[PDB]
Amino acid sequence: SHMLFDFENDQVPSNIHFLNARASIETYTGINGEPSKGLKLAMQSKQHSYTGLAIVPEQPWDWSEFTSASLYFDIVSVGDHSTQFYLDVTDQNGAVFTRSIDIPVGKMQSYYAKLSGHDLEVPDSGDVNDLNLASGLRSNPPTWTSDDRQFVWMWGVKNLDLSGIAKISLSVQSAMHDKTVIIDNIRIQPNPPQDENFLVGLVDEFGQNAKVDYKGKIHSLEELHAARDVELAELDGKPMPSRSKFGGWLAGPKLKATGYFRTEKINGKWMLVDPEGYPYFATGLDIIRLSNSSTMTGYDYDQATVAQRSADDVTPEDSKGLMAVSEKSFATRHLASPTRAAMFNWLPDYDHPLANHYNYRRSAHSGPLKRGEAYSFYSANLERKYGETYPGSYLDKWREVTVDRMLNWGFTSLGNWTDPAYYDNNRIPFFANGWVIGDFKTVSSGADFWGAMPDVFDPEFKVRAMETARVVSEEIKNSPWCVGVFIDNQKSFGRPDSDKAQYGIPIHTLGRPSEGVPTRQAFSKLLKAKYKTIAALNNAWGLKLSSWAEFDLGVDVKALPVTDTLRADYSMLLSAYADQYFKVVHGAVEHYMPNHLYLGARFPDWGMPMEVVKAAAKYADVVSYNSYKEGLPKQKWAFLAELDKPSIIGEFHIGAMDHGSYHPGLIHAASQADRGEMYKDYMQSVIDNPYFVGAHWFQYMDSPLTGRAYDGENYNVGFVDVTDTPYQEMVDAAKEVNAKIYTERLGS
Ligand SMILES: OC[C@H]1O[C@@H](O)[C@H](O)[C@@H](O[C@@H]2O[C@H]3CO[C@@H]([C@@H]2O)[C@@H]3O)[C@H]1O
Ligand SMILES: [Ca+2]
Ligand SMILES: [Ca+2]
Ligand SMILES: [Ca+2]
């Protein structure tokens, strides 16, 4: 054991730094039962979107002797709210890792983050874009048993330079309430011996955490039917009152009815308006489909037996149907990864009734396999639950139960990425989506973790966009039940870290020649029109270029310091790029679906530069944002006033680890009950915000315990678990919320 901070000297140490937080020392009751001194941390996290502490020693700590060690903290929350801490650990080289956990109120516990050894020793597949551990899980189960709680892996470098640890930071970010905790006994402990079965036998035959019994866990087929039967008894298909046919408000004003979902401002607040003229507000869940419900098993087939992707396809591999596997494929089954295969206590044989829930993926964003067999436990359970009278009948059953669930829960919509077989449900509105993919030219932003950005000035981008919109139009059949269309998702436009980050598309593209790069030519044209002469450009940018043609050879603007004049041109360049994306996209959607709302490209918190946002404001009927935070702080969202566009949250969630999962997700609660409470706080901030016309939750079901095929997300982010059994705390929170969306929003 190596003690760093026990606070028994009664000082707030001068090498801890606090931001929008108050520190003091207090007596409290320690884990062991004795009164100890502790650091009480009162974060002003309601008023400020970033709060916490950072310990920064005089000199970086040298911990290089600790080749198998964890950093421990004792922590508890005080007051009314659980706390999600982010832990950021910085070495002397500017490498940092980020872990996170929930800190409940009540019982104090010990928390640990690995500095070295065990599942860090070989960390991933070698690939920079891999956030997962080498297991293909975003965060693994513990590598030893203890009552202590492992800080959950999020992102960053796994193996820091232990000779120089420069900063340890604990922060509360974008909270809706003030958070207060007590911290004690910050220390280093050598890791105990590694449990070499830690990745062995994780999953039981139902897809659940096999080594943990937890409240609500399924133990036999009979418990699965009894849970099914209690629910099928409660589901009648009656919506909350008094909804109109399209889930709009009966009891409000009645507006113009165009026969399509559209936008209008009511009482100073943006709303949707349903096809019959009633005020509408969108609530619901994303990923109402099976595509993301399979997990890599570790087996592969002969390539000759697997159908290849067509270059024409509008659907990227992550969003494809589950691939039915043929016998000829299955008969060539071989072990590509021992680590994956050993995780499962049960996979079926080819003749077994549940053998149709195998999948094959021909690519993956990340994880230790680039391709391979997968299995959908969720899908298997649908068949366990509902049987298969004719092939795939449990699918029709599921869809019909899903629609009943959504109406019972008071939701007004089926959210993004709803399977298209629900597009004629004709009982609840839905959101449609498409992706523009293909072999058009590309540009780099410096952080394209999911592929290079589109060259939107290349005519082949338009061709592909047109095709994308054609396929959506064919899917939705001009339906009034379609609220509107999302195109794409969190495109990597530019990050807000730095100028080099935000302006990466302009900067990188300026560096290339104009020849063969349509986006470069467009930038060239704009710059030519603003400046006309190479001298005027030379003066603006502080350059010595001999001509426009030298300039068109490509210019390295990386070392130039960003003056105001330079920033205006970066901005103007980013703006024209985004304008062109949104023009092409809007154009295609409008050509095919003249009547439907175009809903944007779903801006993540890490990819909404104001230039791109303002571009979306021009062309999209509704600006969509993804926002994985406790809620919508006023200060982070004040910019909306200047746009005055109706807006929508495409994604958000909160998860916990009390129901078998090893990763709560992006935002963490202390329990199933706390999740539901944290859901209400988020939604409340949506509801109070006069620019938002809806918010969707990501997603319907938990991701597979051993992580989704695509990228290893293994999150407790469902309204239902892998057995298709709903989280009642989530259900109840959604009923409370969905009960007041109209009355509160439009009310007195
Ligand atoms: O001028 C701002 C910079 O000052 C540098 O001296 C400092 O190293 C750098 O800090 C870092 O910021 C992010 C990029 O790499 C990591 C490092 O801690 C961090 O993730 C920056 O603050
Ligand atoms: Ca103490
Ligand atoms: Ca997937
Ligand atoms: Ca079957």
# chains A, B, ... in the order shown; residues from 1 in each chain; ligands from 1
$ select_by_dssp --residues "range 199-270 of chain A" --states "strand (DSSP E)" --output "list in words"
residues 262, 263, 264, 265, 266, 269 and 270 of chain A
$ write_last_selection --atoms "N, CA and C atoms" --output "PDB file, in the first residue's frame"
ATOM      1  N   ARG A 262     -45.227  18.632 -39.302  1.00  0.00           N
ATOM      2  CA  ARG A 262     -44.634  19.910 -39.718  1.00  0.00           C
ATOM      3  C   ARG A 262     -44.312  20.659 -38.446  1.00  0.00           C
ATOM      4  N   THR A 263     -43.680  21.829 -38.551  1.00  0.00           N
ATOM      5  CA  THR A 263     -43.326  22.590 -37.364  1.00  0.00           C
ATOM      6  C   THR A 263     -44.180  23.830 -37.245  1.00  0.00           C
ATOM      7  N   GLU A 264     -44.389  24.274 -36.008  1.00  0.00           N
ATOM      8  CA  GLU A 264     -44.967  25.583 -35.732  1.00  0.00           C
ATOM      9  C   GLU A 264     -44.673  25.956 -34.322  1.00  0.00           C
ATOM     10  N   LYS A 265     -44.536  27.268 -34.131  1.00  0.00           N
ATOM     11  CA  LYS A 265     -44.335  27.897 -32.835  1.00  0.00           C
ATOM     12  C   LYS A 265     -45.703  28.106 -32.195  1.00  0.00           C
ATOM     13  N   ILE A 266     -45.860  27.599 -30.968  1.00  0.00           N
ATOM     14  CA  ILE A 266     -47.078  27.754 -30.159  1.00  0.00           C
ATOM     15  C   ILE A 266     -46.751  28.357 -28.798  1.00  0.00           C
ATOM     16  N   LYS A 269     -43.275  28.755 -27.774  1.00  0.00           N
ATOM     17  CA  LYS A 269     -42.502  27.505 -27.764  1.00  0.00           C
ATOM     18  C   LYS A 269     -42.617  26.694 -29.069  1.00  0.00           C
ATOM     19  N   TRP A 270     -41.491  26.292 -29.658  1.00  0.00           N
ATOM     20  CA  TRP A 270     -41.536  25.433 -30.849  1.00  0.00           C
ATOM     21  C   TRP A 270     -42.206  24.103 -30.585  1.00  0.00           C
TER      22      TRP A 270
END
$ select_by_dssp --residues "range 593-726 of chain A" --states "helix (DSSP H, G or I)" --output "VMD selection string"
chain A and resid 610 to 619 640 to 643 672 to 688
$ residues_near_ligand --ligand "ligand 2" --cutoff "6 Å" --atoms "only C-alpha atoms and all ligand atoms" --output "list in words"
residues 6, 7, 8, 36, 37, 38, 184 and 185 of chain A
$ write_last_selection --atoms "N, CA, C and O atoms" --output "mmCIF file, in the first residue's frame"
data_model
loop_
_atom_site.group_PDB
_atom_site.id
_atom_site.type_symbol
_atom_site.label_atom_id
_atom_site.label_comp_id
_atom_site.auth_asym_id
_atom_site.auth_seq_id
_atom_site.Cartn_x
_atom_site.Cartn_y
_atom_site.Cartn_z
ATOM 1 N N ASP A 6 -4.585 11.000 3.009
ATOM 2 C CA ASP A 6 -5.544 10.540 4.040
ATOM 3 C C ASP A 6 -6.181 11.686 4.831
ATOM 4 O O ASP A 6 -7.072 11.471 5.655
ATOM 5 N N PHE A 7 -5.689 12.895 4.584
ATOM 6 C CA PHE A 7 -6.263 14.100 5.154
ATOM 7 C C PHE A 7 -6.265 14.120 6.686
ATOM 8 O O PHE A 7 -7.016 14.868 7.297
ATOM 9 N N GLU A 8 -5.419 13.322 7.313
ATOM 10 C CA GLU A 8 -5.468 13.225 8.771
ATOM 11 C C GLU A 8 -4.724 14.396 9.437
ATOM 12 O O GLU A 8 -4.891 14.663 10.635
ATOM 13 N N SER A 36 -13.031 9.273 10.557
ATOM 14 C CA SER A 36 -11.813 9.710 9.890
ATOM 15 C C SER A 36 -11.966 11.168 9.399
ATOM 16 O O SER A 36 -13.080 11.661 9.267
ATOM 17 N N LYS A 37 -10.853 11.852 9.148
ATOM 18 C CA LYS A 37 -10.886 13.077 8.373
ATOM 19 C C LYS A 37 -11.041 12.811 6.848
ATOM 20 O O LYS A 37 -10.406 11.902 6.263
ATOM 21 N N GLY A 38 -11.873 13.624 6.207
ATOM 22 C CA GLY A 38 -12.062 13.480 4.782
ATOM 23 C C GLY A 38 -12.108 14.807 4.070
ATOM 24 O O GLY A 38 -12.353 15.836 4.697
ATOM 25 N N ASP A 184 -11.584 10.246 0.606
ATOM 26 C CA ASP A 184 -10.540 9.871 1.573
ATOM 27 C C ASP A 184 -9.649 8.728 1.082
ATOM 28 O O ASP A 184 -10.055 7.895 0.239
ATOM 29 N N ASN A 185 -8.420 8.719 1.607
ATOM 30 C CA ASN A 185 -7.491 7.599 1.495
ATOM 31 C C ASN A 185 -7.123 7.353 0.047
ATOM 32 O O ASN A 185 -7.198 6.220 -0.461
#
$ residues_around --residues "range 559-571 of chain A" --least-positions-apart "2" --cutoff "10 Å" --atoms "only C-alpha atoms" --output "PyMOL selection string"
chain A and resi 499-500+502-507+510+523+526-527+530+539-543+556-557+573-577+609-612
$ residues_around --residues "residue 273 in chain A" --least-positions-apart "4" --cutoff "6 Å" --atoms "only C-alpha atoms" --output "ChimeraX atom specification"
/A:261-263,277-280
$ closest_residue --among "A:399, A:645, A:636, A:385" --to "residue 616 in chain A" --atoms "only C-alpha atoms"
A:645
$ closest_atom_pairs --of "chain A" --to "ligand 4" --cutoff "10 Å" --atoms "only C-alpha atoms and all ligand atoms" --output "JSON lines"
{"residue": "A:351", "atom": "CA", "partner": "ligand 4", "partner_atom_place_in_ligand_line": "1 (Ca)", "distance": 9.6}
{"residue": "A:352", "atom": "CA", "partner": "ligand 4", "partner_atom_place_in_ligand_line": "1 (Ca)", "distance": 8.0}
{"residue": "A:353", "atom": "CA", "partner": "ligand 4", "partner_atom_place_in_ligand_line": "1 (Ca)", "distance": 4.6}
{"residue": "A:354", "atom": "CA", "partner": "ligand 4", "partner_atom_place_in_ligand_line": "1 (Ca)", "distance": 4.9}
{"residue": "A:355", "atom": "CA", "partner": "ligand 4", "partner_atom_place_in_ligand_line": "1 (Ca)", "distance": 6.6}
{"residue": "A:356", "atom": "CA", "partner": "ligand 4", "partner_atom_place_in_ligand_line": "1 (Ca)", "distance": 5.5}
{"residue": "A:357", "atom": "CA", "partner": "ligand 4", "partner_atom_place_in_ligand_line": "1 (Ca)", "distance": 7.7}
{"residue": "A:379", "atom": "CA", "partner": "ligand 4", "partner_atom_place_in_ligand_line": "1 (Ca)", "distance": 9.9}
{"residue": "A:380", "atom": "CA", "partner": "ligand 4", "partner_atom_place_in_ligand_line": "1 (Ca)", "distance": 8.0}
{"residue": "A:383", "atom": "CA", "partner": "ligand 4", "partner_atom_place_in_ligand_line": "1 (Ca)", "distance": 6.7}
{"residue": "A:384", "atom": "CA", "partner": "ligand 4", "partner_atom_place_in_ligand_line": "1 (Ca)", "distance": 9.0}
{"residue": "A:387", "atom": "CA", "partner": "ligand 4", "partner_atom_place_in_ligand_line": "1 (Ca)", "distance": 8.0}
{"residue": "A:388", "atom": "CA", "partner": "ligand 4", "partner_atom_place_in_ligand_line": "1 (Ca)", "distance": 6.2}
{"residue": "A:389", "atom": "CA", "partner": "ligand 4", "partner_atom_place_in_ligand_line": "1 (Ca)", "distance": 9.4}
{"residue": "A:390", "atom": "CA", "partner": "ligand 4", "partner_atom_place_in_ligand_line": "1 (Ca)", "distance": 9.3}
{"residue": "A:391", "atom": "CA", "partner": "ligand 4", "partner_atom_place_in_ligand_line": "1 (Ca)", "distance": 7.0}
{"residue": "A:392", "atom": "CA", "partner": "ligand 4", "partner_atom_place_in_ligand_line": "1 (Ca)", "distance": 7.2}
{"residue": "A:393", "atom": "CA", "partner": "ligand 4", "partner_atom_place_in_ligand_line": "1 (Ca)", "distance": 9.4}
{"residue": "A:394", "atom": "CA", "partner": "ligand 4", "partner_atom_place_in_ligand_line": "1 (Ca)", "distance": 9.1}
$ write_last_selection --atoms "N, CA and C atoms" --output "short mmCIF file (atom, residue, chain, number, x, y, z; two decimals), in the first residue's frame"
data_model
loop_
_atom_site.label_atom_id
_atom_site.label_comp_id
_atom_site.auth_asym_id
_atom_site.auth_seq_id
_atom_site.Cartn_x
_atom_site.Cartn_y
_atom_site.Cartn_z
N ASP A 351 -28.56 -27.65 -35.77
CA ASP A 351 -29.93 -28.17 -35.82
C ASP A 351 -30.84 -27.67 -34.70
N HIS A 352 -30.26 -27.01 -33.68
CA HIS A 352 -31.02 -26.55 -32.51
C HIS A 352 -32.03 -25.47 -32.91
N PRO A 353 -33.27 -25.50 -32.35
CA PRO A 353 -34.32 -24.52 -32.74
C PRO A 353 -33.85 -23.07 -32.78
N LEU A 354 -32.90 -22.72 -31.90
CA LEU A 354 -32.43 -21.33 -31.73
C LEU A 354 -31.19 -20.97 -32.57
N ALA A 355 -30.73 -21.93 -33.39
CA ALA A 355 -29.64 -21.72 -34.36
C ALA A 355 -29.86 -20.65 -35.43
N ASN A 356 -31.11 -20.26 -35.71
CA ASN A 356 -31.30 -19.13 -36.63
C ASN A 356 -30.88 -17.76 -36.09
N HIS A 357 -30.48 -17.66 -34.82
CA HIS A 357 -30.11 -16.35 -34.28
C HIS A 357 -28.59 -16.07 -34.35
N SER A 379 -32.61 -11.77 -29.74
CA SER A 379 -33.41 -12.39 -30.77
C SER A 379 -33.82 -13.85 -30.43
N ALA A 380 -32.86 -14.65 -29.97
CA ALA A 380 -33.16 -15.98 -29.41
C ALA A 380 -34.27 -15.95 -28.37
N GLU A 383 -37.83 -15.61 -29.59
CA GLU A 383 -38.37 -16.87 -30.00
C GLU A 383 -38.71 -17.75 -28.79
N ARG A 384 -37.81 -17.85 -27.80
CA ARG A 384 -38.15 -18.52 -26.52
C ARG A 384 -39.49 -18.04 -25.98
N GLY A 387 -42.42 -18.26 -29.40
CA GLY A 387 -42.47 -19.43 -30.27
C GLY A 387 -42.40 -19.08 -31.74
N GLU A 388 -42.35 -20.10 -32.57
CA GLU A 388 -42.25 -19.86 -33.98
C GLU A 388 -43.25 -20.75 -34.66
N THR A 389 -44.50 -20.29 -34.73
CA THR A 389 -45.54 -21.03 -35.46
C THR A 389 -45.25 -21.14 -36.98
N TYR A 390 -44.89 -20.03 -37.62
CA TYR A 390 -44.45 -20.05 -39.01
C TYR A 390 -43.11 -19.34 -38.92
N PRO A 391 -42.21 -19.53 -39.90
CA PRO A 391 -40.88 -18.94 -39.74
C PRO A 391 -40.90 -17.44 -39.43
N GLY A 392 -40.26 -17.10 -38.32
CA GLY A 392 -40.07 -15.72 -37.93
C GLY A 392 -41.30 -15.06 -37.33
N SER A 393 -42.29 -15.86 -36.89
CA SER A 393 -43.57 -15.31 -36.36
C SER A 393 -43.36 -14.51 -35.07
N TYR A 394 -42.31 -14.89 -34.33
CA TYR A 394 -41.98 -14.20 -33.10
C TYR A 394 -41.58 -12.77 -33.44
#
$ residues_around --residues "range 327-339 of chain A" --least-positions-apart "2" --cutoff "9 Å" --atoms "only C-alpha atoms" --output "number ranges by chain"
A: 135, 199-200, 297-306, 325, 341-343, 350, 368-369, 372-373
$ write_last_selection --atoms "N, CA, C and O atoms" --output "compact mmCIF listing (two decimals), in the first residue's frame"
# COMPACT_ATOMS: atom_id res chain seq x y z
N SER A 135 -10.33 -7.86 -25.04
CA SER A 135 -11.55 -8.66 -25.05
C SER A 135 -12.67 -8.25 -26.04
O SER A 135 -13.59 -9.04 -26.27
N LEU A 199 -12.44 -13.49 -18.06
CA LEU A 199 -13.22 -13.47 -19.30
C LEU A 199 -13.91 -14.81 -19.63
O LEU A 199 -14.55 -14.95 -20.68
N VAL A 200 -13.77 -15.79 -18.73
CA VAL A 200 -14.29 -17.17 -18.95
C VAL A 200 -15.70 -17.42 -18.38
O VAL A 200 -15.93 -17.30 -17.19
N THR A 297 -18.99 -14.05 -31.54
CA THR A 297 -18.79 -15.30 -30.82
C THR A 297 -17.34 -15.74 -30.78
O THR A 297 -16.97 -16.55 -29.94
N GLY A 298 -16.53 -15.25 -31.73
CA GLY A 298 -15.15 -15.73 -31.92
C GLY A 298 -14.94 -16.79 -33.02
O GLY A 298 -13.84 -17.35 -33.15
N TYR A 299 -15.97 -17.08 -33.80
CA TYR A 299 -15.81 -18.04 -34.88
C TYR A 299 -15.95 -17.35 -36.23
O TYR A 299 -16.56 -16.29 -36.32
N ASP A 300 -15.40 -17.96 -37.27
CA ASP A 300 -15.41 -17.37 -38.61
C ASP A 300 -15.78 -18.50 -39.55
O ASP A 300 -15.77 -19.66 -39.13
N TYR A 301 -16.11 -18.16 -40.80
CA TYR A 301 -16.37 -19.14 -41.86
C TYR A 301 -15.44 -18.93 -43.03
O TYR A 301 -14.81 -17.87 -43.17
N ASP A 302 -15.35 -19.94 -43.88
CA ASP A 302 -14.70 -19.81 -45.17
C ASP A 302 -15.30 -18.64 -45.94
O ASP A 302 -16.53 -18.59 -46.13
N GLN A 303 -14.46 -17.71 -46.40
CA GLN A 303 -14.93 -16.55 -47.17
C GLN A 303 -15.75 -16.89 -48.41
O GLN A 303 -16.63 -16.11 -48.81
N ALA A 304 -15.48 -18.05 -48.99
CA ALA A 304 -16.17 -18.49 -50.19
C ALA A 304 -17.66 -18.70 -49.91
O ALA A 304 -18.47 -18.60 -50.82
N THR A 305 -18.00 -18.95 -48.65
CA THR A 305 -19.38 -19.24 -48.27
C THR A 305 -20.18 -18.01 -47.85
O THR A 305 -21.37 -18.12 -47.53
N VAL A 306 -19.54 -16.84 -47.85
CA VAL A 306 -20.22 -15.62 -47.40
C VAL A 306 -20.46 -14.61 -48.54
O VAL A 306 -19.52 -14.17 -49.20
N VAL A 325 -27.49 -17.34 -41.59
CA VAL A 325 -26.28 -18.10 -41.88
C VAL A 325 -26.71 -19.43 -42.48
O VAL A 325 -27.54 -20.11 -41.89
N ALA A 341 -14.80 -17.05 -27.88
CA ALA A 341 -15.49 -18.32 -27.75
C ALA A 341 -15.65 -18.72 -26.28
O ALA A 341 -16.74 -19.15 -25.89
N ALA A 342 -14.61 -18.58 -25.47
CA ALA A 342 -14.69 -19.01 -24.05
C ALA A 342 -15.65 -18.21 -23.17
O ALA A 342 -16.08 -18.70 -22.12
N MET A 343 -16.00 -16.99 -23.59
CA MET A 343 -16.94 -16.14 -22.83
C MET A 343 -18.34 -16.74 -22.66
O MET A 343 -19.06 -16.37 -21.71
N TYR A 350 -26.05 -26.36 -35.07
CA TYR A 350 -26.83 -25.98 -36.26
C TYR A 350 -28.28 -26.46 -36.29
O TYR A 350 -29.13 -25.74 -36.79
N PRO A 368 -11.46 -7.18 -31.31
CA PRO A 368 -10.30 -7.95 -31.74
C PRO A 368 -10.59 -8.81 -32.99
O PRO A 368 -9.72 -9.51 -33.49
N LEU A 369 -11.80 -8.77 -33.50
CA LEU A 369 -12.06 -9.38 -34.78
C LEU A 369 -12.53 -8.36 -35.81
O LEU A 369 -13.37 -7.51 -35.51
N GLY A 372 -16.69 -11.79 -38.55
CA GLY A 372 -16.98 -13.08 -37.96
C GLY A 372 -18.42 -13.31 -37.55
O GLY A 372 -19.27 -12.42 -37.58
N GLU A 373 -18.69 -14.56 -37.18
CA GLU A 373 -19.96 -14.97 -36.61
C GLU A 373 -20.35 -14.12 -35.40
O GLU A 373 -19.49 -13.63 -34.63
$ closest_atom_pairs --of "chain A" --to "ligand 3" --cutoff "7 Å" --atoms "only C-alpha atoms and all ligand atoms" --output "JSON lines"
{"residue": "A:291", "atom": "CA", "partner": "ligand 3", "partner_atom_place_in_ligand_line": "1 (Ca)", "distance": 6.0}
{"residue": "A:292", "atom": "CA", "partner": "ligand 3", "partner_atom_place_in_ligand_line": "1 (Ca)", "distance": 3.5}
{"residue": "A:293", "atom": "CA", "partner": "ligand 3", "partner_atom_place_in_ligand_line": "1 (Ca)", "distance": 6.1}
{"residue": "A:294", "atom": "CA", "partner": "ligand 3", "partner_atom_place_in_ligand_line": "1 (Ca)", "distance": 6.2}
{"residue": "A:318", "atom": "CA", "partner": "ligand 3", "partner_atom_place_in_ligand_line": "1 (Ca)", "distance": 5.5}
{"residue": "A:708", "atom": "CA", "partner": "ligand 3", "partner_atom_place_in_ligand_line": "1 (Ca)", "distance": 4.4}
{"residue": "A:709", "atom": "CA", "partner": "ligand 3", "partner_atom_place_in_ligand_line": "1 (Ca)", "distance": 4.3}
{"residue": "A:710", "atom": "CA", "partner": "ligand 3", "partner_atom_place_in_ligand_line": "1 (Ca)", "distance": 4.1}
{"residue": "A:711", "atom": "CA", "partner": "ligand 3", "partner_atom_place_in_ligand_line": "1 (Ca)", "distance": 6.9}
$ write_last_selection --atoms "N, CA, C and O atoms" --output "PDB file, in the first residue's frame"
ATOM      1  N   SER A 291     -30.487  -5.256 -35.506  1.00  0.00           N
ATOM      2  CA  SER A 291     -29.151  -5.155 -36.141  1.00  0.00           C
ATOM      3  C   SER A 291     -28.007  -5.043 -35.179  1.00  0.00           C
ATOM      4  O   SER A 291     -26.928  -5.563 -35.412  1.00  0.00           O
ATOM      5  N   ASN A 292     -28.257  -4.344 -34.088  1.00  0.00           N
ATOM      6  CA  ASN A 292     -27.211  -4.069 -33.167  1.00  0.00           C
ATOM      7  C   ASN A 292     -27.215  -4.999 -31.956  1.00  0.00           C
ATOM      8  O   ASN A 292     -26.487  -4.756 -30.999  1.00  0.00           O
ATOM      9  N   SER A 293     -27.995  -6.081 -32.021  1.00  0.00           N
ATOM     10  CA  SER A 293     -28.235  -6.959 -30.874  1.00  0.00           C
ATOM     11  C   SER A 293     -27.408  -8.231 -30.860  1.00  0.00           C
ATOM     12  O   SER A 293     -27.633  -9.125 -30.022  1.00  0.00           O
ATOM     13  N   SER A 294     -26.476  -8.342 -31.794  1.00  0.00           N
ATOM     14  CA  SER A 294     -25.612  -9.503 -31.854  1.00  0.00           C
ATOM     15  C   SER A 294     -24.186  -9.210 -31.329  1.00  0.00           C
ATOM     16  O   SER A 294     -23.707  -8.041 -31.312  1.00  0.00           O
ATOM     17  N   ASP A 318     -22.978  -2.000 -40.194  1.00  0.00           N
ATOM     18  CA  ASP A 318     -23.558  -1.875 -38.850  1.00  0.00           C
ATOM     19  C   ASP A 318     -25.093  -1.785 -38.795  1.00  0.00           C
ATOM     20  O   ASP A 318     -25.705  -2.140 -37.776  1.00  0.00           O
ATOM     21  N   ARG A 708     -21.723  -5.142 -28.467  1.00  0.00           N
ATOM     22  CA  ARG A 708     -22.304  -5.253 -29.824  1.00  0.00           C
ATOM     23  C   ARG A 708     -21.201  -5.501 -30.851  1.00  0.00           C
ATOM     24  O   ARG A 708     -20.096  -4.944 -30.723  1.00  0.00           O
ATOM     25  N   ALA A 709     -21.514  -6.349 -31.839  1.00  0.00           N
ATOM     26  CA  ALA A 709     -20.626  -6.718 -32.953  1.00  0.00           C
ATOM     27  C   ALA A 709     -19.796  -5.577 -33.539  1.00  0.00           C
ATOM     28  O   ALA A 709     -18.585  -5.718 -33.744  1.00  0.00           O
ATOM     29  N   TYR A 710     -20.428  -4.434 -33.773  1.00  0.00           N
ATOM     30  CA  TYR A 710     -19.768  -3.291 -34.404  1.00  0.00           C
ATOM     31  C   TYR A 710     -18.505  -2.753 -33.702  1.00  0.00           C
ATOM     32  O   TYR A 710     -17.425  -2.664 -34.336  1.00  0.00           O
ATOM     33  N   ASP A 711     -18.649  -2.398 -32.422  1.00  0.00           N
ATOM     34  CA  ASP A 711     -17.609  -1.683 -31.715  1.00  0.00           C
ATOM     35  C   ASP A 711     -17.447  -2.031 -30.243  1.00  0.00           C
ATOM     36  O   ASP A 711     -16.766  -1.275 -29.529  1.00  0.00           O
TER      37      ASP A 711
END
$ residues_around --residues "residue 627 in chain A" --least-positions-apart "6" --cutoff "7 Å" --atoms "only C-alpha atoms" --output "number ranges by chain"
A: 604-605, 649, 651-652
$ write_last_selection --atoms "C-alpha atoms" --output "short mmCIF file (atom, residue, chain, number, x, y, z; two decimals), in the first residue's frame"
data_model
loop_
_atom_site.label_atom_id
_atom_site.label_comp_id
_atom_site.auth_asym_id
_atom_site.auth_seq_id
_atom_site.Cartn_x
_atom_site.Cartn_y
_atom_site.Cartn_z
CA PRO A 604 -22.84 15.18 -31.09
CA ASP A 605 -21.45 17.44 -28.34
CA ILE A 649 -32.45 15.45 -29.12
CA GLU A 651 -30.01 10.43 -28.40
CA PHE A 652 -29.46 10.28 -24.66
#
$ residues_near_ligand --ligand "ligand 1" --cutoff "9 Å" --atoms "only C-alpha atoms and all ligand atoms" --output "VMD selection string"
chain A and resid 88 to 97 156 166 to 167 497 to 498
$ closest_residue --among "A:149, A:2, A:532, A:618" --to "residue 583 in chain A" --atoms "only C-alpha atoms"
A:618
$ decode --residues "range 603-618 of chain A" --atoms "C-alpha atoms" --output "compact mmCIF listing (two decimals), in the first residue's frame"
# COMPACT_ATOMS: atom_id res chain seq x y z
CA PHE A 603 -24.82 16.74 -33.94
CA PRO A 604 -22.84 15.18 -31.09
CA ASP A 605 -21.45 17.44 -28.34
CA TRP A 606 -18.01 16.81 -29.88
CA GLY A 607 -18.99 17.84 -33.45
CA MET A 608 -21.21 20.95 -33.61
CA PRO A 609 -18.99 23.86 -34.62
CA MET A 610 -21.22 26.94 -34.95
CA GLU A 611 -20.50 27.10 -38.67
CA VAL A 612 -21.96 23.63 -39.24
CA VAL A 613 -24.90 24.24 -36.85
CA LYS A 614 -25.78 27.48 -38.72
CA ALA A 615 -25.55 25.58 -42.01
CA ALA A 616 -28.08 23.05 -40.65
CA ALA A 617 -30.30 25.88 -39.49
CA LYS A 618 -30.58 27.05 -43.13
